[PDB]
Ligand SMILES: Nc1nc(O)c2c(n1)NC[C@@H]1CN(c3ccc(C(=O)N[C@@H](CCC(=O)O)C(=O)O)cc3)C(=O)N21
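The chain below stands alone and is given as structure tokens, in the form deposited without this ligand.
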């Protein structure tokens, strides 16, 4: 019975492992050039979850020997003001990557602002250009969460080619890039959303299921195919352990492998961002 239980896809462990390599790379770069890699983080407004995510990302920068430039803008910031701040960061040669923490206050055209980030500094992978390049096999930083997921799958030797992957959710920065990344890895990919009919049946057809709906435990455990690889990209704070977008209680009897929540996708989102920032700094300072 112990042997037949699902493989835990341990994002926490993998993130720590990647960070050890990032640290030596950053220290080498600092020694050679005298300069520290910088991630600019932009936090617009007062959302508590956003503030926490930015704090965690800054901490990850420092863990690998980098630092962050913390830009904090008021909740009433306009699109025009945010664009101007991004252009300042684009023009600053000391800034290697730019993170705009989503979701910005809703009066701002978030897409316009994402698209203003220069490709070379798009270390969270949010630009339309970056998405298009990735979708067509050209070099670009990938959207952090789905790229982190691909890394988890590859480093745990999960078979993707020829498998049926079902991505539930189609957001610009998660579901859509996830789908394109899985397609590039030769999965057959189905993309579902709030207007999908027969969702339970489509999920049951999936060899690989990605929950990206932002609704706690929406994906039911009885929809999961026996032996499926289960990736839960959600996080919803709860007293006594947060939960994701998938019912994971007892998942170890159903899945061949799964990402826990917490400790699965979350750490790899942060670490992917920081890795792409190290790559951007290595390029800029070389």
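Positions refer to the first chain, counted from 1.
Stretches compared: 36-44, 218-226. Higher mean C-alpha B-factor in the entry: 218-226. Relative to its counterpart among 121-129 and 200-208, 200-208 has the higher mean temperature factor, C-alpha atoms as listed in the PDB entry. Compared with the other modelled residues of the chain, the Cα B-factor recorded for residue 143 ranks in the lowest third. Placement of the Cα temperature factor of residue 69 within the chain: middle third of the modelled residues, per the deposited record. In this PDB entry, the Cα temperature factor of residue 160 sits in the middle third of its chain's modelled residues. Remark: residue 25 belongs to the lowest third of its chain, ranked by C-alpha B-factor as recorded. Sorting the modelled residues of the chain by their CA temperature factor places residue 63 in the lowest third.
Although it is not shown, the form solved in complex with this ligand is what the next lines describe.
Only one of the listed residues (113, 144, 152, 89) places a non-hydrogen atom within 4.5 angstroms of this ligand in the deposited bound form, and that residue is 144. None of 181, 165, 95, 126 but one reaches within 4.5 angstroms of this ligand in the deposited bound form through a heavy atom, and that residue is 126. Stretch-level contact check against this ligand in the deposited bound form with heavy atoms at 4.5 Å: of 53-61, 246-254, 66-74, 30-38, the positive one is 53-61. Residue contact with this ligand in the deposited bound form: residue 210 places no heavy atom within 4.5 Å of it.
Contact annotation for residue 118: none of its heavy atoms lies within 4.5 Å of this ligand in the deposited bound form.
When this ligand is considered in the deposited bound form, residue 100 lines it closely, a heavy atom lying within 4.5 Å. Residue contact with this ligand in the deposited bound form: residue 173 places a heavy atom within 4.5 Å of it.
Residues are counted as partner-facing when one of their heavy atoms sits within 4.5 Å of this ligand in the deposited bound form; in 215-248 only 235 qualifies.
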